[PDB]
Each structure stands twice: as C-alpha cells, then as structure tokens.
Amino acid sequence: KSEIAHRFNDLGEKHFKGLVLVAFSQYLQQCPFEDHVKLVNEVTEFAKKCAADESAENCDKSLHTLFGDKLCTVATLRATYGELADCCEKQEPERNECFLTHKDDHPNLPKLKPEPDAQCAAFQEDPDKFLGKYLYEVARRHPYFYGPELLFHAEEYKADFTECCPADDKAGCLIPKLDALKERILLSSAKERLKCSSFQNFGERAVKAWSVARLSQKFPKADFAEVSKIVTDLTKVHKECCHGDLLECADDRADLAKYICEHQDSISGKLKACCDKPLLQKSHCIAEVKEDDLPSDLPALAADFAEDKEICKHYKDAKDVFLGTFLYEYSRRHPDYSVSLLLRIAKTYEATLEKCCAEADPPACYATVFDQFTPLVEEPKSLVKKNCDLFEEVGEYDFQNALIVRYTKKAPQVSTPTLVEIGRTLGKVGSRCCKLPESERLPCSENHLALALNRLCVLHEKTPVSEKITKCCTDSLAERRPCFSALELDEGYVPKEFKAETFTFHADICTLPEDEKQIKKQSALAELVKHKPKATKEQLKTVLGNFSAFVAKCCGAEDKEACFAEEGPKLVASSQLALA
C-alpha cells in the first residue's frame, strides 16, 4: 500500500535514515550537510506518519515521487544546480532519470584528511551527527557507491574512533586505520561503478553474464539453477542501487543474503563464516567471500559442448540458456582465469557455433571449438607475467611511471591529472596482484584493470577528448582491456607546445608528503610526453631521474629557492635535448 511505510518497517529507522542520507548526498552532491539532514528527517517523519496510517494522504505515492519531490524543495537549487532545476519540472520516471544523468563522477572536492583531535572531539560532542557526516562526505564523492555497503563502512569508521579516541597514541592507532579504510572505500567505489557502468553502457544481459562467470568461479559446487537464481536476484539488487532506488536495493539485498545462508550447504562451504554474522557484516562477507574448492565431480565438457550432434538445434532452440550453461561450466572450473577472459571465451564459443551451424557439416567444424580458446588464454597470461616482472624489477613508483608514459602516448589529449590518477591506479594493480600465488595473478590483474579502465571511461564520459578512448570504452565490455592494450602512440597528435613553467619547480614541493611529491613529478612526466611523444621510455626515465635528483638536492639545500632558481632552468632546457 505505502512503499515508504513498507521500507521503513523492513529496514528500521537507523538504516532507513542512513540510506536516505546516502541517496540525497549522491543526488545533490554540493548541498551542505545540514540541508540534507533536514530533508532526511522530514522524509523519515513522513514515513512514520504513513507507517501509522497507510491511508493517510500521499502515503501511496512512489518513493521517487516522494524523494524527488523532497529534493526539489531545496533552497538555492537553481543557483547551486543550474542544470537540475529543469529536472524538477518533470514527472517520474523522467525526473529521476534526469537527476541521475547529472550525477558528478569527479566533483573534485577537498581530500578527506584525518584530523584525529578535531574528529575525536566532534565524534564525542555528537556521534550521530559525526557518522552522518561520513556517509554524506563519501556518498557525495562517489555518487554510485553501493548504498548498503557504505552503512557497513560507517560501522568500521565508528569502531576506528571508538578504539582510538581514548588511546595513548591517537594518530598511531587512527591514521593507519583510516588510510586503509580509504583504500577500501576507493576499491569498493570502483567495483560498484563498473557494475553501474555495465548496466548503462552495455545492458543487463552483460551484467548477468559477468555475474554468472564470477559467481560460478566462487561457488563452483552450486548447481546452475542456484547460480541463476542468485545472479537474477543480485542483478536486480544492483540495478536498483545503480538507479538510486537504495531502499529497495537494501531490502532486496537482505532477502538475498537470507536466501544464500539458508542454502549455504548447497552453495559453498566458505559461507559458514559469513552466515554466523550480523546483517551488514554478513552481506559484506558474502560479497567478498573467497572461492570454494573445486568439486571432485566436475563434468567433462567435450561431450555436451563439442561432441554432441544436436548442439546446433539446442543452441538455436535457446541460445542464452545453452550459452549461459556453457559459461557456468567453464567458469566454475576456471578460478585461474579472469572474468573478462571467461566472457571472451564464451563469445568465441558463440561465434564458433554461429559459424559452424550455418556450414554443411557442423559437428566436424565445432569439434575443435575448445581449441580456439588457447590464444585467448596465452595473451593475457603473458602480459601479466611481463608487467609483473617489470613491477618486481623497478617497484611501484617506476611502474606507475612506465604506465603513465604508456597511457599518455595512447591518449595524449587526456588531462594530466587523469593520466596521473590512472597510471597510479594501474600501477597499484602490480602491488596488489604480483605478489599473490601465481595462479591468482591473472584473475587479480584483469579484474582490477577492469576497475581502473572503467574509471578512465567514466571520466572520459564527462570530458570526451579522444575517439580511441571512446571506441575502446564502448565497443565491448569484454574486449576493453585488450582494446586498450592494443592502442599505440596517437600519431595524429600534434606535440603540445613547450611551456617552461610546467617543468619549473620551487621550494613548496619540499614540504609535501612523499605521495604528493610523486604526483608533482609524475605530472611533469606526462607533460614531458605530451611535448615529446616519440621519446622512448628509457629517455623519459633518465630525464625524470635528473628531475628527482634535482628536487632532492634543492630540497636538501641551505637556500632552497635559490637552488631551484639557479639549477632548474638549465635542467629544463637540457632535458628537452635528451628527449625525442
């Protein structure tokens, strides 16, 4: 009768409010914290009235009518959000559709800097307001963050402050915890964005195919029926969340988590751990759960997928099922392949049946179908071993450097901050994945690269600058990585005009944390490539070494700025000669 009552009742006041805060922060990213709290409280008050009497006026309206109406009350909307006021003239679903379309993936808000005294203080004078603020700050920075999971991370954030605010060493307890929480936020943000990007750019059939492969790897003892059931339900969950319907998404997620733990015995022995937990931790745990051991009765596949004479009829009679089945089977036995590699193999199997079934004798044609997968598998294994060798020889900083050079050559039109962010994220894939046991390196690498490349695509959507990127981003989800890997120096590119200030450093740099020093150096590196696109990697590496050396010296100096001022312009001129 009243959706708002229903969700309120299912979720309870705490989570209802939390989720409704997230929604509003993500939709209206610039509004101050206080406006949002007020709007939340109001909606929540409405919900309570409806829970008391679902016949009451307007209680029957949809959530989005209700929430969309609420957002359209904010003061200074047309000033703050010029582009959004027009959305408020529209009805639903056209309205919500407009709000979504204008969500910002790179609002470039200030970085969230742990300030342990000020924060423990604010925490103590009002913990409820302190945690709301966290949800708000994160939601706003990541307008597609998986709602339910943000509530989860908010609990971890509360545990952090609970533990550390009364400790001997406040920052010793707290700054590493919050640094690791921020890594976990960024990674989770990037996983969820890929899901919503997959719905937007490729459709639900693409999200389902990804999720069949992934969950078949994770739960290889489950049967296909069960995998499909979970994938169907998980797909709806994310479709809701990616469409800003967070209350429905949370409720539906909890139903799923219950389902999974009721049937954990016929799903995976790894879920026991997770099913013994409170709600949000449980959901988090199932979502991140490790892959089960491979059953001893995995069926040989030749017979059904290469040898049977009826394949062409079966395939024609129901393509999506026959293929989904193939994908389930192949993926469950292949936790050692990435999801994209599995999807590229499925598309080749498909392509082989399309080809062979239109020929005179299909069975002799499709008899060698499994053999066409060999090169699909070797290419990425070889790439991962090569980049991991490099990573291990040179370390994170220089691997990031190598990737920054790589990406600037491929897309020299992209802004420097994007190239640097992206080269740095790509480089961290080496740190995450290369040290893992070797059978894990390919899946770790490609699954994480999908997250980084999607980020590039998402930023590119905002600020299109290169047709090569557009094409790689939109042609084929499964082929993205190979498509990006194949790009080379854009030759059409006119070297960017030399501007000496760009390469000109000052003593300000000396006071930065290491991190931020690297970014400054890494930004100059991209600029060196834009101006000398044909310089080799070996030349850029030497020239940047000379820049680091110079920065280290001048920062070690008696009179830092005089140092920078005398030595710098010479290095700037001479380094250009060392390039292309």
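For every residue, the number given is its place in the sequence shown, counted from 1. We call the rigid core whatever largest set of C-alpha positions still superposes within 1.5 Å between the two forms.
The stretch that strays farther, by root mean square C-alpha distance over structures and residues in 6 other deposited structures of this protein after a rigid core fit, is 311 to 319, when 210 to 218 is set against 311 to 319. In summary, of the stretches 35 to 43 and 551 to 559, 551 to 559 shows the greater Cα distance from the shown form in 6 other deposited structures of this protein, with structures fitted on the rigid core.
On average the C-alpha atoms of 53 to 61 have higher B-factors than those of the other stretch, with 540 to 548 and 53 to 61 being the two compared. The stretch with the higher mean CA B factor, choosing between 407 to 415 and 100 to 108, is 100 to 108.
Highest CA B-factor among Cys433, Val339, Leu174, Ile422, as stated in the entry: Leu174.
The PDB entry assigns its highest CA temperature factor, among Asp398, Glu83, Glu378, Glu467, to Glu83. When the CA B factors of the chain's modelled residues are split into thirds, the value for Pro114 lands in the highest one.
In this PDB entry, the Cα temperature factor of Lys532 sits in the middle third of its chain's modelled residues. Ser198: CA B factor lies in the lowest third for its chain, per the PDB record. Ranked within its chain, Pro495 lands in the middle third, by CA B factor from the PDB record. In the PDB entry, a CA B factor belonging to the lowest third of its chain's modelled residues is recorded for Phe391.
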